[PDB]
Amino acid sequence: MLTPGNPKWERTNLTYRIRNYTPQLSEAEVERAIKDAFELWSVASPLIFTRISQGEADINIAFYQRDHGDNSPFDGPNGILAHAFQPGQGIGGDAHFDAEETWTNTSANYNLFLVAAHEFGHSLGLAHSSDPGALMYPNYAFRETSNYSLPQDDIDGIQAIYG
């Protein structure tokens, strides 16, 4: 469950910024998905996330298509959904979402809140889990989102890094 080399944030109050949006959800819907994805991790750790509207943030969030500057191009509809970088300066921590997906707040593929929640595990230093019940499992699946809380394996993982 931890990324190789154990990269972790040295501070526990991190900022984030949503750089752009996906047209398929309202702006408020995207903001809510992201807010709630961060809160999943915050309630199981000492981490506090502060949104900023402009300027430089620890965790940049953006929707991109195909080639987007980081040498890991997205691939169009389906396939890779999103990716994120391990804790560190600059691109470290940042989370990118494939702009060519269908992004939802429903049970229809792909629920943005769930994908974001998984990606922020990477942004915080977690690796993939082998535990098919974990949020950090390597394959997407819908789960009910209305009252969602971190699966136990992911609590264990974030606790192992940050207490």
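Start at 1 and count along the sequence shown; that's the residue number.
On average the C-alpha atoms of 127-135 have higher B-factors than those of the other stretch, with 127-135 and 32-40 being the two compared. The deposited model assigns a higher average Cα B-factor to 19-27 than to the other stretch when 151-159 and 19-27 are compared. When the C-alpha B-factors of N60, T50, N111, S45 are read from the PDB record, the largest value belongs to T50. When the modelled residues of the chain are ordered by C-alpha B-factor, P77 sits in the highest third. Per the PDB record, residue ranking by Cα B-factor puts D98 in the lowest third of the chain.
When the modelled residues of the chain are ordered by their C-alpha B factor, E56 lands in the highest third. Per-chain ranking of the deposited C-alpha B factor places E119 in the lowest third.
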